[PDB]
Structure formats: C-alpha cells, structure tokens
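just coords:
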RNA sequence: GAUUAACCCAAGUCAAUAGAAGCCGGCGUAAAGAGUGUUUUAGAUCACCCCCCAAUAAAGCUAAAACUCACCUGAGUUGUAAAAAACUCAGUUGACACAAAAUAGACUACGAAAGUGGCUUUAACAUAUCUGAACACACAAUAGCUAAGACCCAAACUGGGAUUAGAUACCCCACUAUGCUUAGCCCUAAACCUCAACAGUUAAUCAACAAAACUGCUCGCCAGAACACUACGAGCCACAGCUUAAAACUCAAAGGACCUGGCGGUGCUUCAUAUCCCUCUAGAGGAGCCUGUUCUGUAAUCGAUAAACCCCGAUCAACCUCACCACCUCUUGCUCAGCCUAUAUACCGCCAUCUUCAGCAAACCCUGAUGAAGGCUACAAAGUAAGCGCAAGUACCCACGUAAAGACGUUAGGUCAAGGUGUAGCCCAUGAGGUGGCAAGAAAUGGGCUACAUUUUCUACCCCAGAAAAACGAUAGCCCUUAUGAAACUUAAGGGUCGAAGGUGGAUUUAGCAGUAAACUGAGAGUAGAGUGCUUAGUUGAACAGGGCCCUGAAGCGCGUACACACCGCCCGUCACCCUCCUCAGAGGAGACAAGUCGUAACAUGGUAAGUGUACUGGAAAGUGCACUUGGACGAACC
Ligand SMILES: [K+]
Ligand SMILES: [Mg+2]
Ligand SMILES: [Mg+2]
Ligand SMILES: [Mg+2]
Ligand SMILES: [Mg+2]
Ligand SMILES: [Mg+2]
Ligand SMILES: [Mg+2]
Ligand SMILES: [Mg+2]
Ligand SMILES: [Mg+2]
Ligand SMILES: [Mg+2]
Ligand SMILES: [Mg+2]
Ligand SMILES: [Mg+2]
Ligand SMILES: [Mg+2]
Ligand SMILES: [Mg+2]
Ligand SMILES: [Mg+2]
Ligand SMILES: [Mg+2]
Ligand SMILES: [Mg+2]
Ligand SMILES: [Mg+2]
Ligand SMILES: [Mg+2]
Ligand SMILES: [Mg+2]
Ligand SMILES: [Mg+2]
Ligand SMILES: [Mg+2]
Ligand SMILES: [Mg+2]
Ligand SMILES: [Mg+2]
Ligand SMILES: [Mg+2]
Ligand SMILES: [Mg+2]
Ligand SMILES: [Mg+2]
Ligand SMILES: [Mg+2]
Ligand SMILES: [Mg+2]
Ligand SMILES: [Mg+2]
Ligand SMILES: [Mg+2]
C-alpha cells in the first residue's frame, strides 16, 4: 500500500489540516506548492540550491517558533527577495513574536545574502479541515 | 476501447444507402431513423466501398500478415492472384476449345472455391464428462470453418518443404490444387474428417 | 515386474526388517527390486543398508548401487539368482 | 536470587500432614433407564370410583429369477472409469430347488425385546391393579463352535489379475468356512426410539442441541478422566470366550451443546473476458550471446531469494563507487566523536500482496430468556449509520480508454545498507585513513538480444528495382584503431580477421481483447566513459472474441468439521529411546516422559462415510465378511 505523506484513517479523533488531508497525487489538483520559485521550470538553473535553501528555511523556522506554527510555511521568491508566509497560533506573547520576527529576518538575510521578509498570520487554533 | 459503447460499427454499402425509401419495411425505416441519431465509429482503413473490395481476400491477407507489414502481405496476395490468373490463361490458350469451356480464369472465383473446398465440415473438440476430456466430433460454425480453411492454407504455404519457392507461386499452386480438389490442404481436411469418423463412437460425450 | 522401494538412511530396524521381508517376497516372486536410499550420512554408510538387505538373502544385484538424484541418493536393482547362478551358489556351498 | 519498600500475623509465623464441612442431585447427547419379560417378601394409591393387517411353532405348497440338462444356432462370454486376469462357452425354447420371498408398502400392524412383509391349514398371541431381579426362571439379531444333510447365489480366509513408492486394501475373477435344514451349544450388538414401568397436567415454559415442559409412585443405575468391555476372585456345555469387575502409578483436566474463523480430493447455481479449460496471435522451453541468481572457487561484501526474488537495491562496479579481503598507518578522531556492528521478530520512513477487491465502519437500536453472537426479504419482516474506500471529481485526446486512486486488514511479507531511530554491543577499533587485490566458471537455472531465412539477405529508395539464395546465421572469439579517463587485454564505438552453434524447438509455460499483440524507428535518466537494461515519443499494425466447468479460482446459498499456532492442521498404531506403578518365573500391562522409524487409520463425503458385535487375515494403524446404528449425506415442487 502507498504510504507517501498520507494520514492513515483513525477513529475520527485526529484533526488534520487541508495540507495533510490530501495525499501527494492531489498536488496541482487540490493543493498548491508550498514553495514557489523558478528553479524547477524548463531551462532554469540552481534547482538544488533553491531546494537546499527551502529545506534549511523550513527546519530553521520550525525550530525558531517551537509549537507556534499551525500549518506548513509558504516560501516565495521574487527576484532575490525571499518571503516566508507563516501561520502561527495565538499563544506566545506578541513581544516574542516581534522579537523572533526581527531576529529571523536579520539572521536569514545575512545567511542567504538576500533580503528576507517574514509575514505572520495568527489564528486561534490549528484549522481542522477534517477529522480522520 | 477508445470507442464508448454508444458507438456503432459503420455500414459501407452504396446499394444499401441508395435503396428506395418505398422498398423499406417499417422495421427497416425505423433502423434508418435510429441510425440517424446514433454514434458511428470511423471507417476502418482496411475496407472501402470499392466495387472490387473482397472481404474474404482482405481477411486472408490479414491472416498472412507478419508484424504489421500490410504492404508486404498485400503485395504477396496480389502476386498470388496474378500468378493464378496467368497460369489459368496459359492453360486456357494451350487447351482445346471444348475444355476451354470448363477452364475458369477468374482468380477470385478460384480462390473462393478452393477455400470452400478446404473448409472442414466437422471438427474435433475436447469435451469433458466425469472429469476426463475426449476429442469428440462436433459440428463447427461457419466462422470457424472458414478460419480453419484459411489457416490450413497459409500454414501449408509457410511450411519449409517448398524451399526457394516464392510465396506467390507456392500459394497459387496450392490454391489451384485445392480448386481441383487435390493437394496437402485437402488431404489434411480429409484426415480431420477421418479422425472424426474414427472417434464417432464418442459423439454422445457431447452435451450441447 | 519392477517393484520399487524408497528408504531413509535413518530407517528403524523394525521397518527395515519388514521391508526386507517384503523384498524377499518379491524376489521369491521373481521380480526386479529397485531399492532407493536417501539421506548427515555417508554414501558408504547408505550402501551398507544394501549390504545388509542382500545379506538377508544369501537375490543378486542386477544393477549395483549407484549415486542418483544429484548424488543425494543411492539406487540399486536386485534380481532372483538364475538357475545356473543358484547351482553355482550351491556348489560353492 | 539479592536489595529497597510494602502487606498479613505477631512471641510467634506457617512448610508438611491429619481432621472439621460427605446423599432429598441426576440418567437423550456430559457417568448413569441396565437387550426383553414374569415373582416372594414387599411397596404405591394410579385398584372400587374409572374383528383383521408382517407375533410364534409345525406341516404342506410355489409365482419370478437362478443352476443343471436337453435341443438347436454362433465364435466369442464375463469384466470397467480403462484394463488385465477368468471361461469357451454365449443366445432361443423346454424340463427342473431343502435357496430368497418384486409390486402391495405413499400401509405402520403383530410381538416383551431380538425380530415379523410369498401362499394354505392347525395351535396361538399371560394378568379385571400398578411396580417388582447381580436374587432365579424363559427368551435374546448377526457372528461363532459341535454332529449330520442341502448348496442356486453371495461370501470372510485363500489364490490369481490389476492399481500402487509399497497395496497384507479399495477395483476384477475363482473358491472355501459361512448364510440354509435338523439337534445341541454360544448369550454378544450403536440389542439405540441412546428417551424405564404405571397414572396424570398443559399451568405457571425452557442452559444448548435433540424428540416441548412437568407432576405423583416405584424399581435399576450414576458420583472427575484414564488405567478398564482390564487383573484378580467367582459363575458359566463357554477354553484366544462371556457376565460381574477393582486397585496402584498419572493429570488438571476429561467431557456434552453451541458461536465465530479457517479448511473440505464439499453439494447446487452462476460466473472468470487475455481468463480457469478449449479456441486466435506472438513467444519461452531447442542454438550463441548479454545479464541475474544458485552452486563450485577465492584472502575476498551485504540485502531480495513461491506467488509477491532472480537487467531485483543499481535511471548501473577499472580507481572512486565500497560497506569486502591482504598489508600498512592514526587515535578527543570532519562532527559537543565514530561504528554499512546484531535485532525489519521494537520501529518511523517508503512499499509488495490479495487489490484484475469493496467493503471497512466509530455512535446508537433491536433479536438471542440481556451467551459467545446476529441484524436480510421492496407486494419488504430491525436496522440507522457519521466517517474512510469505491464512486464521484482530476491528468492525458471525449463523457471512452490509460493513468492516478485503491480503505480495514493478511503474510512478525522487504528494507536497521537511503536516513533516523529504541535495545544491545565495540571505543588503542567492530572506528578512521592509505596501497594493492577478488569479483572467475565445473555446472544448473531465470529474463532479454541475436538467429535459424525466401513474408529471407545485400545494394538504391523509402515501398513499381537489380542481385543473392547452403548461402542465412555473433552484439561470440582474436588483431588493430579510436572515444573517455591519470590509468581501457580487460569500459564503449568502428574496422579487419573467423562464418562458429543452429535449421522453428519435448512435456510444460508467458503475454495480449485494438491502435492492443507483433514488427520497426527515435529520444531521455544516470557516467568522465560504460547495459541487449530502465523510462518514454512515434510509424506499420493484426487473428479469436464462441463455447464450457476437470483443474484453478470468484461469488451466492447450503453441509461437515476431533482444525483455533487454524490442513504446512490435528491424530492413530508398530518399532526401538528412559522413569513410576501393577500382574509376573525373568517377562508382560498401564501411565508418564519424550525426539525419532513406517505408513496415513480417524477428524472434510478425511479422499473406501464412520462405528457396535462377531470371525479370518495383516509391520502398523487396520482390511474384509454378516447384521445392526446415524453419533453421515443424498442437495429436499416438477424437472
Ligand atoms: K525459443
Ligand atoms: Mg502499487
Ligand atoms: Mg455418556
Ligand atoms: Mg410386574
Ligand atoms: Mg431384569
Ligand atoms: Mg443368539
Ligand atoms: Mg459352500
Ligand atoms: Mg435394533
Ligand atoms: Mg464385549
Ligand atoms: Mg474380560
Ligand atoms: Mg479370570
Ligand atoms: Mg493468460
Ligand atoms: Mg536452454
Ligand atoms: Mg544478495
Ligand atoms: Mg538473504
Ligand atoms: Mg581502493
Ligand atoms: Mg573498487
Ligand atoms: Mg565498518
Ligand atoms: Mg517484517
Ligand atoms: Mg475513483
Ligand atoms: Mg496503477
Ligand atoms: Mg518481517
Ligand atoms: Mg530478510
Ligand atoms: Mg573497519
Ligand atoms: Mg565481431
Ligand atoms: Mg589514451
Ligand atoms: Mg557469409
Ligand atoms: Mg482417510
Ligand atoms: Mg475413510
Ligand atoms: Mg465396517
Ligand atoms: Mg483380506
């Protein structure tokens, strides 16, 4: 049986988001790409560089905002600007959100030598697309 | 099948489509009216309304085909027909006026008659009664009879006994033999009939 | 007629005696007894079984023991001694 | 086991033993209604109230079919799934038994039970109250012994013919004891309707199943399993027997009825749509080669290894890759070390598998006496179901088709070597680095490529040609060159050289339902280079598509079930493997322990239905003969 990024059914007590509810084959059919850049297009270059940057960014944000991210990030790349659109939970103090936003933006800008913006969207609780 | 079940096989007959409307029975008019509002498949590339079209020869060429070489198969078929016609014309001219009445020169007729002669009337089919299969003699459908005739002809031609003999000549010679009710194909048909008669004792093993 | 028997190298003595009696019956009946022995055990150890079986009938090897089945088994053929062979046995006796 | 702590009793605690608590309960299937009938002594209150069919013995008779003998006719008869063996006896007609008693019988009677179904006759079917024998009398099917007759047919044993690995069986043939009559014996049956006799009730039911539940009275019987239809003792016309019938050792079960699941060489019905068989096409199985694997070899990896491995991890090994072997070298080591060290039977991760399925289902409700369990009928009868899957939706060129998708689970199915990860293990090495080196073929086997040619081969062209045609046929071998690379005999390409095996292939087996099979032509992945492999675009382009159920299987409805690790199950017996007990002059018997040897007897229609009694036979379970039982079935309107 295929196990790829599928949330196996349960007694109906497992909340899941729209991203998790959909198996891989739905990509481009019901769910979009969590990272948007030109590396994968026809004839473009630096696909590996973009992918490594994306993976490191995801791990970095996860470890920097522990237990605050509600859904996966959305990486966008416009020219050289990198934009990390994140959805977080309204638990940690806004002071700490602002501190971490500034720190993340600055550190990532210096690390990837390209302007970085972080766009936070706060929600009360993880959006439950369905119960599996 | 890319064709949905709704699609119906096309009918290719100028005479059928030109038949007078007055000659049509109620059911025939209804059939035409129904086909007016039906989906029809595309005309296959193997058949056309050509007056010279011969379905039997088309099927024989298809059976003779090897690996989708319709061109080569058709070339062999036309060469066989030409060889048969040339042999018949030679015999006709070299023959006296009395027997020229019987000597036939239509290659299509010769081919049809040879196949009809070769058609085996009764076949041997495995029938199982009580858990043991036996080769019971059995009547055959016309489709199976025609197919067996064609297959025996083609296999006999393909045999390696005739070495360095081109397929046109092989098939023309065998077809003429069959037309005159001689040759290995007719021998094989008689052998099948003889085996069936020998196993006549098991006819009741059939249930249908 | 060919009467065939199949034995294991670890066959018990009671079963061996029973099959020896059966083989004696066949030999008296004048049949060719094809005996196969399968398997750790040495092939000479296996052939000792044939020695004992034919020892119980002082029958003769129509075909001597031979490795078969990829060498896993031994096979032999025993036959009733001809009249002349039995006369020779009597003379030597 | 030790330690910490806790619990119970406490100047006690509790290891061993012994005792204290032993019958108004039951008998269709758990042990138990004794094979049947009749007493005395007694008991009870059920006592006053209140024709015939198939019993039995004897005598007699015979319709059908046998046997035998006569005729005459023929060379064959018997035997089955197919044969062999067996006889020359076979057919018609007629004559003819001490054998057995179609149809009636769809009847259900007679007898106490066993038993009784051709006919006639004689005799005859106990008790105006019920129970009543291990305590006597008289009976008791089939088998069996004794003595004498009959002998058509059947038939243990025996012999022969098959079948078989074997065949002491099943199948075929012949024949005997025996089945029959007479006179005695024998006294056993699943002697079962497993349901005691008598009288009574249908009311408040009733573990399960079976043949509804009980009341009163009486007699017999039962008290865990096995040892045990046993040993001893006793009795008997019995001498390998029958009746009664224990104990010792051993065990924590044995057992009866059900529910679910699997399984069935299980039944009926319906199907399989490249599908199980036939049918169509092309193949493999035959030759060479490429390549994977198993084996052999080496100092020289690892993993998959039935379907669901075997050009598989690898969209790839000269060095590297590399985890292997030999040697050498380093030790806080690229890493706040490291380990391709064991555990896929601890896992995540990604998957095969049925699945070429459609079901899975939480939360409720009801039915079964509120048991495990089960829940359907549409002219509908207890089901409702959220969700998941299918479906729908989507990519490709349609709404077709191909993709994709495919839940819960099954195989402790694959991967600790993608990576991580628990546990365990190494830490001056199982870690790290360097040089070199193995990666071959005795041989088997899997998949693919090349061919065996004439529908072919070469040339031109891409389809109106010319030549070849014993030549066809290697991508094999050897030599040379070239491409990449630091390294090329070993990697690839080209050329030369040689023209080899082979002549359409056994049982068996693969794929395919249409732009498919088949043939042909490109491109891409990955590499510095490297595949006949892999992915994919395209050209030409078929034949059958109709019948069935032996096998595979699928479904439905059923049947059985000693299986529950679920038939790769369970389990019997012989033989030898060690202890306890009993009988015994040493040997046997039982049990237990416990792995083997030969079979597969039983549990499924257990592959010959099972079993009881009895007789003969056989390593061994067991086989067969006669009667009996269902504790088997016969599919349950007609067909
Ligand atoms: K082949
Ligand atoms: Mg799959
Ligand atoms: Mg009982
Ligand atoms: Mg009485
Ligand atoms: Mg009595
Ligand atoms: Mg008796
Ligand atoms: Mg007799
Ligand atoms: Mg009875
Ligand atoms: Mg007894
Ligand atoms: Mg006794
Ligand atoms: Mg005694
Ligand atoms: Mg197929
Ligand atoms: Mg081969
Ligand atoms: Mg391996
Ligand atoms: Mg392995
Ligand atoms: Mg090296
Ligand atoms: Mg290497
Ligand atoms: Mg290591
Ligand atoms: Mg596993
Ligand atoms: Mg779907
Ligand atoms: Mg698919
Ligand atoms: Mg496993
Ligand atoms: Mg493994
Ligand atoms: Mg090491
Ligand atoms: Mg060459
Ligand atoms: Mg160079
Ligand atoms: Mg040549
Ligand atoms: Mg059996
Ligand atoms: Mg049986
Ligand atoms: Mg029996
Ligand atoms: Mg016998």
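Perfect, thanks for sending it. Numbers count the residues shown, from 1 in each chain, chains lettered A, B, ... in the order given. Ligands and ions are numbered 1, 2, ... in the order given.

contacts and neighbour counts: CA atoms only from here.
Will do.

just the strands in the chain please.
You didn't pick a chain, so chain A it is. Along chain A, counting by DSSP state E, strands occupy A:15-16, A:35-36, A:74-78, A:81-89, A:116-123, A:130-131.

right idea, wrong chain: chain C
Counting by DSSP E, the strands of chain C are C:2-8, C:32-38, C:60-68, C:73-79.

now those strands in a markdown table, with mean neighbour count?
Formatted as a markdown table, the strands of chain C follow (neighbours: other Cα atoms under 10 Å in any protein chain shown):
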| stretch | mean neighbour count |
| --- | --- |
| strand C:2-8 | 14 |
| strand C:32-38 | 22 |
| strand C:60-68 | 16 |
| strand C:73-79 | 21 |
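
re the thing from before, highest average neighbour count across the strands of chain A?
strand A:81-89 (a mean of 19; mean count of other Cα atoms under 10 Å in any protein chain shown).

Tell me what angle that strand forms with strand A:116-123.
On the basis of axes from the mean of the first three to the mean of the last three Cα atoms, to 10 degrees, strand A:81-89 is oriented at 20 degrees to strand A:116-123.

Give me the angle between strand A:81-89 and strand A:74-78.
Note on geometry: by the same axes, to 10 degrees, strand A:81-89 and strand A:74-78 are set 160 degrees apart in direction.

gap between strand A:81-89 and the chain center?
Offset of strand A:81-89 from its chain centre (Cα atoms, centre = their mean, to the nearest Å): 7 Å.

how deep is residue 42 tucked in, by neighbour count?
With no chain named, the answer covers chain A. The number of residues packed near residue A:42 is 7, by other Cα atoms under 10 Å in any protein chain shown.

that's the other chain; I wanted chain C
10.

In contact with residue B:135, which residues?
Counting by Cα atoms under 8 Å, 6 or more residues apart in numbering or on different chains, residue B:135 touches B:124-127, B:199, B:202.

Show me which residues of chain C are close to RNA strand D?
By Cα under 7 Å from any atom of the strand, the residues of chain C that approach RNA strand D are C:2-8, C:10-16, C:18, C:22.

counting contacts, what elements does the longest helix along chain C pack onto?
Criterion DSSP state H: the longest helix present in chain C is helix C:13-28. On a contact count with 3 or more Cα pairs under 8 Å, 6 or more residues apart in numbering or on different chains; DSSP states H and E, helix C:13-28 meets strand C:32-38.

The strand it packs on vs strand C:60-68, what angle?
Using the same axes, to 10 degrees: strand C:32-38 against strand C:60-68 is 30 degrees.

Direction included, what does strand C:32-38 pair against?
When pairing is defined by DSSP bridges, strand C:32-38 lines up against strand C:2-8 (parallel), strand C:73-79 (antiparallel).

Looking at those strands, spot the one closest to residue B:120.
Nearest of the strands paired with strand C:32-38 to residue B:120, taken as Cα to Cα: strand C:2-8 at 46.6 Å.

contacts for stretch A:4-11?
Applying Cα under 8 Å, 6+ apart, the contact partners of stretch A:4-11 are A:20-24, A:132.
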